[PDB]
Protein chains: 2
Amino acid sequence: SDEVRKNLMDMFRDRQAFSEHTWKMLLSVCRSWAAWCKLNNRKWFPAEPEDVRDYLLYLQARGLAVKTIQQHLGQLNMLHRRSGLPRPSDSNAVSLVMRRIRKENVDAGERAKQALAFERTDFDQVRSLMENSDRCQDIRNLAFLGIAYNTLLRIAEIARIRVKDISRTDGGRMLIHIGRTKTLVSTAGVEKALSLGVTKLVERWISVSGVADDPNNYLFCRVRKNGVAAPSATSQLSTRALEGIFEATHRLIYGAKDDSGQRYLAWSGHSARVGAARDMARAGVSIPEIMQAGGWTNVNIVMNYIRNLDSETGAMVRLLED
Amino acid sequence: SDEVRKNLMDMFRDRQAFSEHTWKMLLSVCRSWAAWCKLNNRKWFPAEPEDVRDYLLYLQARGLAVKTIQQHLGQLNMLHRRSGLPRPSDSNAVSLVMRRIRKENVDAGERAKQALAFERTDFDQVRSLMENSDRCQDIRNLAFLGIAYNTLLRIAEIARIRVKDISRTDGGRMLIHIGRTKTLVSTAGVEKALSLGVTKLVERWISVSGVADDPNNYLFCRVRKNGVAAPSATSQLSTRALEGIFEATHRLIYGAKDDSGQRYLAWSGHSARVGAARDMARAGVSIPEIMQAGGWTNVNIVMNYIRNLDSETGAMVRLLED
DNA sequence: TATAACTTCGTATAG
DNA sequence: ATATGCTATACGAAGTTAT
DNA sequence: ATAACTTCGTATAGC
DNA sequence: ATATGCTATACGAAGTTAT
């Protein structure tokens, strides 16, 4: 009892060992665990094998994906392994349930999804539809869609871009010094170049936003219902908003969502990555050159984004078709 | 305890099982650690996790790299584990703070650097200049640089080359047999072949040096101020010296180093290794080949040596501007 | 003799 | 090569603020 | 009121 | 990415020795 008390103390002391996103995910499973526990009358700490087993089967019946269920058992294991208690994973029962749960769900046809592709053809359409709009928020959203599809950057990354990071490269095109790595052995930063057109799109946004009045202002900002931008160097556009620009843009062209509870029915924050990656493959860009685009050090993700491309059908098809 | 003393005694007895450098650092750390303990009135062995934690934060606060801080923790770990005692990393306090130290440092931008590349052009330009020198020193250096780039061998392996290790192909190309490297203790050994041009550079050195006088002579040796090579079958040219060749060569082409005090402002011992790896990548050379070339067994290391090839390629810009 | 060209060595940091 | 597991995106919805 | 976000909570993709 | 375990390089400072 003392030993766990101390180990809990360790964690909050070096709570910085993890990102707030992680902690938030940890607290979410405890609340879930604790609530299922009190409800079913089981001590939630230290968790017992059968109880955990019973909970995991409950998450499965709850319709949660295998990775989600693994994430629940995961955190639960952290807590225990960290404190002086054994991890439920080391128990025969839990080990067995996850196993059957895994294949039962795979058997049912569970598949990992990914963002709906936002391709050049999509960008062209949007660009056309909104090219001549004078609406501030529209100008912002086109520039965003340009940078996002052009740079393949992630949403949290586009969010952090300040004005002082935009340099002018050859031809007048824009260059954005950005940071897309978070490991010791990696590249501290990269420079992203924008085509002539996309640079023009962003040029208009900044001109109609005033984000440039102060270099420390983030490229993208809030635009209120009056169509009036709200520059700032301290607060940035949330990633939810950036996700909003994608969904909203999808509605513009396809109207209300395809209902259903399904995910990726409209565009999301990773849609441009999936799209740029596939156009690059379609254009025959050197596989590594594609990795540079998105910052991949392996081809695992890019192979998923282009899995259905005819250029990736394989040897057997190549042989059969001579 | 008596076993502890015994295990340490065993360790020391079979010192040769470990590299001289491992021992070197084991003692340097113990020097750091024991000084901190003394300055804080603590027992330096066995170490108490809470104490080791304060030590690490002390190191991070002294402005040391994550890798050097992980080094100090690693030596304490080996020491304790070899002693039959629990490793500091075994405790929550120590494991959490390390993750925290690393996280924060990386978050603020720390990146493990790598040697300034010495590529094909740097070699051509250097050869083109030193090619005409008659000085024994110059002839040795050029040959050294040539083997470094051609074989990618680390400076400690180049310095262990004995004249008897050199062979030749019927094509008239030199083959240098290498037995032990940083990552390999085998009797199998590999044959590192040199190009016709590089064999030539190596020949001129052998001829003007006289190391061939005895096959058990190290291929490389010192060259005193009067131009007389001092062969030896018991003493190799120090790796510290081989590093000086790279630095002096860089100073040749670009003058005296910056006064920033930073590392890698001039070519160093690993410059040709990373530079050649990057040249092959650029060349479109398959990973198994680059692997063979550098004596790498894993693919991650290669990508690690390539790590800084990550730059704008203009792949998307070209795609959008058409 | 002065000194080029090392060598040895310790702390720091990459592979 | 596979996990494992930390961290980011997903997205419906509640909370918030200036038109 | 309500556009346009932001802040949440928690599922699930990406390293 | 990541945590072992450990082996090698980076580089300024100071000591060495045939010229």
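Sequence lines set the chain letters: A, B, ... in the order given, protein chains first and strands last, and positions in each chain run from 1.
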Using the side-chain heavy atoms of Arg102(B), tell me which of these nucleotides is nearest: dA2(C), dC11(D), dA3(F).
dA3(F)
Can you see a Watson-Crick or G-U wobble pair between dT9(D) and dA12(C), using both distances under 3.5 Å as the test?
no
Output yes when at least one side-chain N/O atom of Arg154(A) is less than 4.0 Å from OP1 or OP2 of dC15(E), else no.
yes
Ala241(A) has a side chain; which of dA11(E), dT6(E), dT4(F) sits nearest to it?
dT6(E)
From the set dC6(F), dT7(C), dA5(C), return the single nucleotide nearest to any side-chain atom of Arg82(B).
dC6(F)
Between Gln137(A) and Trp296(A), whichever has its closest DNA chain E nucleotide further toward 5' is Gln137(A)
Using only side-chain N and O atoms of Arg140(A), determine if any of them is under 4.0 Å from OP1 or OP2 of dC5(E).
yes
As a test of understanding, state which of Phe144(A), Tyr264(A), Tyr149(A), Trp267(A) forms a ring-ring contact (aromatic ring centres under 6.0 Å, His included) with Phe246(A).
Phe144(A)
Looking at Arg222(B), I'd like to know whether one of its side-chain N or O atoms comes within less than 4.0 Å of OP1 or OP2 on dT17(F).
no
Options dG5(D), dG12(F), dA10(D), nucleotide nearest the side-chain atoms of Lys67(A):
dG5(D)
On the nucleotide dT7(D), are OP1 or OP2 found under 4.0 Å from the side-chain N or O atoms that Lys103(B) carries?
yes
Tell me whether the side-chain N/O atoms of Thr68(B) come closer than 4.0 Å to OP1 or OP2 in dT13(C).
yes
Distance check: side-chain N/O of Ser268(B) vs OP1/OP2 of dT9(F), anything under 4.0 Å?
no
Of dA18(F), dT7(C), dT10(E), the nucleotide closest to the side chain of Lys24(A) is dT10(E)
Does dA5(C) have OP1 or OP2 under 4.0 Å away from a side-chain N or O of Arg135(B)?
yes
Where the side chain of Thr22(A) is defined as all heavy atoms beyond and including C-beta, which of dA5(C), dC11(F), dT7(D) is the nearest nucleotide?
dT7(D)
Which is more 5' along DNA chain E, the nucleotide nearest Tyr305(A) or the one nearest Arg31(A)? Just name the residue.
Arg31(A)
Contact class for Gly74(B) vs. all strands (heavy atom < 4.0 Å): base, sugar-phosphate, or nothing?
nothing
What's the closest nucleotide to the side chain of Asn226(B) if the choices are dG12(D), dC6(F), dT19(F)?
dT19(F)
Any side-chain N or O of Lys257(B) less than 4.0 Å from the OP1 or OP2 oxygen of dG12(F)?
yes
Among the nucleotides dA10(F), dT7(F), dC6(D), which one has an atom lying closest to any side-chain atom of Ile155(B)?
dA10(F)
Give a yes-or-no answer on whether the side chains of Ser260(B) and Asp258(B) include a donor-acceptor pair shorter than 3.5 Å.
yes
For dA14(C), take OP1 and OP2 only and decide whether either is under 4.0 Å from a side-chain N or O of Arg111(B).
no
Specify the separation, in whole Å, of atom NE2 of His270(A) and atom P of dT12(E).
17 Å
Are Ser19(A) and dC6(D) close enough that a side-chain N or O sits under 4.0 Å from OP1 or OP2?
no
Select one nucleotide: of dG15(C), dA18(F), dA1(F), the one nearest the side-chain heavy atoms of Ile301(B).
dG15(C)
Quick check on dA12(C): is either OP1 or OP2 less than 4.0 Å from any side-chain nitrogen or oxygen of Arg62(B)?
yes
Closest-nucleotide ordering on DNA chain C, the 5'-leading residue of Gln114(B) and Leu27(B):
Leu27(B)
Are any of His21(A)'s side-chain N or O atoms less than 4.0 Å away from OP1 or OP2 of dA8(D)?
yes
Side-chain (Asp14(A)) to main-chain (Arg100(B)) donor-acceptor, under 3.5 angstrom:
no
Can you check whether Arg263(B) has a side-chain N or O nearer than 4.0 Å to OP1 or OP2 of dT9(F)?
no
Whether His72(A) contacts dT10(E) is assessed here as follows: a side-chain N or O lying under 4.0 Å from the phosphate OP1 or OP2. Is that the case?
no
